[PDB]
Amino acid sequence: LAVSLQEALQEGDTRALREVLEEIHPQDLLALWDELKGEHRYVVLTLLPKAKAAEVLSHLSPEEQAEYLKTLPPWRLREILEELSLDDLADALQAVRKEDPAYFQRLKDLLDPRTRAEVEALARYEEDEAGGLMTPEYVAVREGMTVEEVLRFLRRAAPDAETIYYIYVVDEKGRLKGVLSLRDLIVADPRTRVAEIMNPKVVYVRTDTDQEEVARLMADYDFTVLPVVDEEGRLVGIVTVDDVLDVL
């Protein structure tokens, strides 16, 4: 299959190339990523579907992340940057700023105003603490909602959430008050209020919490996702376990 794109690569006509790419897996593209030359990398990135383009970008080394964000054509930029999970977006920009603070500024200029807001908050954190690892794309609900309401909410919180298997519950002020699983929603009666299904003794993590402490906590409680809070006890993000394996 590596030759299969190169077959399509050499073919010069995109149409053959576009049908392989739409079924190539990111990781299988990631593996063969560095036997590819500038013109190749350029064209595959010219119209690799934006979800996949973004996905590959996230798994490259910071050096190559920066290189690729100076490679792709600018009409493609806002797409890819807007497709990135915010955690991955921050990492990408930090990678960029390390070599080119000017371009870092340029990139952020491209963002939708809310997205820039979001990333700018995340970027303020130490890359190797919870904040530097978290993403704000989680599902939060309040105590009074019933299970039915929570499900209807999750099915449109779904397009953009990092994960929906864990639903966090905060109050009026947005401070953490409980945690609930998708599995829990399912076993329970649709009009059960969340307040008796939620677990009130939530294990949480601070934005300055060291990543290996996050890793230990994750291995101890055997959770794949962990909530992150600010000084006021407010849920500000979640750290997913995949992003913790990557610190090894």
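Note that residue numbering follows the sequence shown and begins at 1.
Please compare 174-182 with 77-85 and name the stretch with the higher mean C-alpha B-factor in the deposited structure.
According to the PDB entry, the answer is 174-182.
Averaging CA B factors per stretch from the PDB record, which one is higher: 207-215 or 28-36?
Per the PDB record, 28-36.
If you check the C-alpha B-factor for each of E118, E149, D109, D100 in the entry, which is highest?
That would be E149.
State the tercile, meaning the lowest, middle or highest third, of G233 with respect to the CA B-factors recorded for its chain.
Middle third, going by the recorded CA B-factors of the chain.
Determine, from the deposited record, the chain-internal third of the Cα B-factor for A188: lowest, middle or highest.
Highest third of the chain for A188's C-alpha B-factor.
Just say lowest, middle or highest third for the CA B-factor of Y168 relative to the other modelled residues in its chain.
Middle third by C-alpha B-factor.
Quick one: classify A54 as lowest, middle or highest third of the chain based on its Cα B-factor.
It falls in the bottom third of the chain.
Per the entry's values, where does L154 land by CA temperature factor relative to the rest of its chain, in the lowest, middle or highest third?
Answer is highest: the recorded C-alpha B-factor places it there.
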